[PDB]
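Colleague:
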Amino acid sequence: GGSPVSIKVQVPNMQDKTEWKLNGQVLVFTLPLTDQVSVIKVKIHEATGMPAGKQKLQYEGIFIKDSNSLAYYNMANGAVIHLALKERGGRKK
Numbered sequence: 701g702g703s704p705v706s707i708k709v710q711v712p713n714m715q716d717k718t719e720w721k722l723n724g725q726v727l728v729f730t731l732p733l734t735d736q737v738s739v740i741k742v743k744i745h746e747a748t749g750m751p752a753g754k755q756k757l758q759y760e761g762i763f764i765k766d767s768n769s770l771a772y773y774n775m776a777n778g779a780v781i782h783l784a785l786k787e788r789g790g791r792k793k
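Sequential numbering from 701 applies to the sequence shown in PDB author numbering.
(1) Where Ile764 and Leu722 are concerned, what is the direct C-alpha to C-alpha distance, given to the nearest angstrom?
(2) Hey, could you find the ends of the alpha helix (DSSP H) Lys743 is sitting in?
(3) In this structure, how does DSSP classify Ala771 when only helix, strand and coil are distinguished?
(4) Spatial neighbours of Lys754 within its chain, please: C-beta separation below 8 angstroms, excluding the five flanking residues on both sides.
(5) Looking only at DSSP bridge pairs, what is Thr730 linked to?
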């Protein structure tokens with residue numbers, strides 16, 4: 701199946717919001733391509749203290765889901781997941 705690969709997280713630029721440390725940085729980790737992107741959200745919560753319940757997943761500018769896996773988005777060693785603040789229910793276009 702999917703092997704472990706390096707995945708980065710392009711954190712948002714929000715260092716003055718509350719208590720976390722979001723400064724546009726990248727957080728790298730190693731996870732199997734079969735691990736749903738939802739794993740990444742946890743990795744930021746350790747690297748910044750921001751809970752996964754309020755994070756937006758993106759890969760190369762593509763809004764990915766937490767239920768999708770890295771293999772589904774063709775991600776591999778050196779991939780970059782842009783994190784954004786998302787705490788609201790959103791809205792129609």
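Cβ atoms here follow ideal geometry from the backbone N, Cα and C, with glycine treated the same way.
Modeller: Considering the structure as presented:
(1) Taking the first residue of the sequence shown as position 1, residue 764 is located at position 64. Taking the first residue of the sequence shown as position 1, residue 722 is located at position 22. Each residue's Cα considered, the two are about 20 angstroms apart.
(2) Along the sequence shown, read from residue 1 onward, the residue named residue 743 stands at position 43. It spans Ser738 to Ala747 - the alpha helix (DSSP H) in which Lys743 sits, taken as one unbroken run.
(3) For the purposes of this step, residue 771 is taken as the residue at position 71 of the sequence shown. Reduced to three states, the DSSP call for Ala771 is coil.
(4) Locating residue 754 in the sequence shown gives position 54, counting from the first residue. Correct list, in chain order: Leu785, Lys786 and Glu787.
(5) For this step, residue 730 is matched to residue 30 along the sequence shown. DSSP, once it has assigned bridges, lists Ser706 as partnering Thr730.
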